């Protein structure tokens, strides 16, 4: 994954790549570009607006949206498909509940009818979601990265200012996760992230791949 704007040199986003932009205006501008994304070019084949995933507000980000739960539930059912001895138990438990309640409908004085219970119905009845209420920014960053692991239509996650919140070993565990799961993410910072390699465009317009 490749982008270019004012640099006149293409930056390469492979796994977890850090881009620090010292001058606030140029940082405000690249940020504005990222939200207006459509100038600013993302690649070979140009990225579709819909394949970009941007977060600035880590805690406000809704990770339990309707679409994301759909995939999670899809995978949970799959996982449970591969454990026939468990799926089996579940089926017999739900079957029994249905016979049981079935009887009640009969003894009920109106003309009652039922279908049955499939696993998705169970996921929905259980209130299955990602836990977020007790999240630290670190725990949440991780949760956002994993949703990205899943959202295979989302080609690039850009974090903005996310590092201003994390301790240095915290940044390393996020990187280790991104490395290990073959996803690509850009951290866009205005202040240098300590003890690692990063692109830096400095107070003047000198682009370098230094370290801190």
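Numbering follows the first chain given and starts at 1.
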I'd like to know the size of any gap between residue 66 and residue 67, counted in deposited residues with no coordinates: none, 1 to 3, 4 to 9, or 10 or more.
none
Deposited residues missing from the model between residue 38 and residue 39 number 1 to 3
Please compare 141-149 with 24-32 and say which has the higher mean C-alpha temperature factor in the record.
141-149
Of 187-195 and 5-13, the one with larger mean CA B-factor:
5-13
For residue 44, the third of its chain by CA B-factor is the highest
Which third of the chain holds residue 179 when residues are ordered by C-alpha B factor: lowest, middle or highest?
highest
C-alpha B factor of residue 133, ranked within the chain: lowest, middle or highest third?
highest
Binned into thirds over the chain's modelled residues, the C-alpha B-factor of residue 62 lands in the middle
Relative to the other modelled residues in the chain, which third contains the C-alpha temperature factor of residue 91: lowest, middle or highest?
lowest
